[PDB]
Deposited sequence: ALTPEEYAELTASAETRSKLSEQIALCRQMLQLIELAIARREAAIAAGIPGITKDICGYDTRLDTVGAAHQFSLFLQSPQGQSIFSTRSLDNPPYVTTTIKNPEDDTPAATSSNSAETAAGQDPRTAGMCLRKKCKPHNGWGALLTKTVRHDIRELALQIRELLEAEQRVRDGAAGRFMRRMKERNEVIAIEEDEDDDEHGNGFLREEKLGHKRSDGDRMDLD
């Protein structure tokens, strides 16, 4: 009981939900990466390496992935979303660091926030899908 154009919308909506779920999966892995960075930071401090004190920043270079993953989450929230020492390698050793100030809690907060936003988007799409099917049943 559906228009050709209603099929096209429902299909694109379901495909968008698919992309949003994959983005949430990516986000959960960013949370693991952040956890891995925190744990590697705690290990370097526990090892008693000269100069590697509790003031050590500890930001891992791979955490820049979190920055671009976050931007892709913002993209998918727009409706145009149709288109050296191994213990410290990669680790930022600045003390009282400010470019990475508070990275552990802030990056955790961003990524967890993106999961909630992406899940909200999925729910809006399920609501809209139910609305289209409601419109076609009313015309039926």
Given the full deposited sequence, which segments carry no C-alpha coordinates? 84-121, 179-223
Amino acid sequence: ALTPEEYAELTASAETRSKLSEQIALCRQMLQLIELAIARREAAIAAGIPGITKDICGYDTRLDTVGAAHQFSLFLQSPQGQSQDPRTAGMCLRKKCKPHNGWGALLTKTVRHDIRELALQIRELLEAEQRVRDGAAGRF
From here on, numbers count along this sequence of modelled residues.
Average Cα temperature factor in the PDB entry - higher stretch of 128-136, 9-17: 128-136
Entry-level comparison of average CA B-factors, 64-72 and 108-116, reporting the higher stretch: 64-72
Thinking about Cα B factors across the chain, which third does residue 43 belong to? lowest
Ranking every modelled residue in this chain by its Cα temperature factor as given in the entry, which third contains residue 31? lowest
Lowest, middle or highest third: where is residue 91 by C-alpha B factor in its chain? middle
Taking the C-alpha B-factors as the PDB entry records them, is residue 57 in the lowest, middle or highest third of its chain? middle
Can you tell me which third, lowest, middle or highest, the CA B-factor of residue 97 falls into for its chain? highest
